[PDB]
Each structure stands twice: as C-alpha cells, then as structure tokens.
C-alpha cells in the first residue's frame, strides 16, 4: 500500500509538469520534499497521520499552491511540516523542523541569522499550538527554491500573539511595520523569507471574523492601495455573496501584509485569502468559483484543471476541501496574481454537504 512520501511526490511530479518545470528541476524538488518529510516519507498511508498538524484539515503535512498569471504557466509552491515525524509534541516538532530548515539553508547558501535571532521568541520551552514550524518552498526554475519559514505568533500563548509579532518585527528592523497593520482578530502566522536579503522579507497573516466585501477592499495597508472594486468583486465571487448584509462568519478570511524594505514603513504587499472550503457544498462549486475568478483576471483555467487532476483522481463533487483557499495577491510594482491552495488529501476526503 502506498507510502506518504510516494503519494506526495507523485502529486508534486504531476504539478511540476503543470508549472512547466524541467525533468531536472522536478527531480531536485521531489528529493527536497522527501527529505523534508524525514522518516514520515516511508510511512504507510494505512496508518494515522504522523501529526495532527494544522497544515491541512486531514493532517497531511503537505499542501500545494498555484499562483496564476496571464500568459504563462502558474508558479508552484509546496508547504510542508518538516518536523511532522515528531508528532504532536510541539517542542520536538519545532526542533526537528528547525533542523531540516538549517540543512536546506546550508545547502543553498542561505543565511539563518535572522531566524536564529527569532528562535527564543517562537520556540519557547513549553510552546502552545497550533503549529511550531512549516516550510514553504517556491519551486522556481533552476532547482534552487525560495524558502519561507512559517512561525506561530501564539507560541507564548494566544494572549501574547500581538506582543510576539511586535517584538519579531522590531528585531528584524521593521520598526514601523506593526503599527502599519490594520486591526484584526488574530495573528495566525508570521512568515520569514530565508533568502540573503538586505532588508528582511517578512509576511504577517491576520484573521478577520465576519468580513464583508467592502472590508476586503479597505484592509490593505500597502503602498500603493490596490483596487477596491477588484477586491470586492473577488470576495463576492469567492464567497458567493453577490450584489449589503453578507459576511464570511464561519471560517474567517485572512489578510497577509508583506514587508520587503524598512524605509517606507509600509507593507509592499497585500493578499486576501478566502477559505472557500467552508462556503461551498463540494469541490465542484469551489472550482466554479476559482474558474470565475481566473476568468475575471485573464488567467487560463485549463492549468487549474490539470492541477486538480494532478493531486486527485476523484470527482470534485464527491467531497469538499480539495480547494482549500482562493487568494488575490497584490505586490508593489508587480502584477496581480490569483492563487489556488490545493490539498493533498492523503488521509481523508471530507464529505460533500447538502447545503452551504
């Protein structure tokens, strides 16, 4: 029976084809994914997940994303919990994740000085959930990926999340960034790029309960402000909230605020993340919403269909959660992207629902 590493690398191989990567680069990145799973790569899929990770709803410690642009193949990313073989003890999971990331950095010549400086803040002796460390790998042509580390602002307790984020940003030299953020209902993730950048590249994720379409257009803080109308339309399409009173009051929308330089004091990016899986009856509907957004943004949806078939052969209508999130991604001076988060579904297919 199939092993976890075998399913995940088969999915990755088929997705690297959608992204247009060479055979050589696909081989490099399948190796990196196997290495990052550690002993869990050899684990039968007939056994429980190695950890009850928050990385995905079924606890697969892998998730994919595809960032679509007009006139070219989508950009592929894989998110992994490299300490998953340590299970649900967060201190050991975090320590194992850190070791895997340091091995990567050494191999590619990335400095870990910024991460080392944040370690005492994100890896205390008795950490709280819901995560310790995930690694996001941007699977670029050439075989050397972009590497980001997802850390837990709530590691010291949820009540210390804002304080933890403020202190991280101060240590990174982004001394005006915290006060630049909009209000939020939580700080689910801080993501640090491990590249060798002069100003650290850091992303703050914020949770917003009960967001409306107008709110989606008013939460950016990046300079220059993105199109309100385009944000409102994306929110209504992804949430099926057409037209006033509509809100996403189940699973919350997230915003991400990215900082790439310290002088302006402002974010350079804004992404709106809609958890489409909680607002559809099944993945046929989530796909319909993804196809609609892509059409509105002049990006080709045939690649989305190939990507879904790459991860699973099932009929979309037979479950929910394959398409986990839909995101609209803005970045200063760069073209806007639509990102689809695609689940591995290595452990469970959630059942379809009679109603939203």
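Residue numbers count along the first chain shown, from 1.
Coordinates are absent for 4 to 9 residues of the deposited sequence placed between residue 243 and residue 244. The PDB entry records a higher mean C-alpha B factor for 294 to 302 than for its counterpart among 22 to 30 and 294 to 302. Comparing the deposited coordinates for 253 to 261 and 93 to 101, the stretch with the larger average C-alpha B-factor is 93 to 101.
Comparing the listed residues 152, 271, 114, 237, the entry records the largest Cα B-factor for 114.
Residue-level inspection of the entry shows that, of 186, 143, 220, 130, 143 has the top Cα B-factor. For residue 158, the recorded CA B-factor ranks within the highest third of the chain. Only modelled residues enter the ranking. Among the modelled residues of its chain, residue 275 has a C-alpha B-factor that falls in the lowest third according to the deposited record.
In this PDB entry, residue 204 carries a Cα temperature factor that places it within the lowest third of its chain's modelled residues. Looking at the C-alpha B-factors along this chain, the one for residue 122 belongs to the middle third. The entry lists a Cα temperature factor for residue 56 that places it in the lowest third of the chain's modelled residues.
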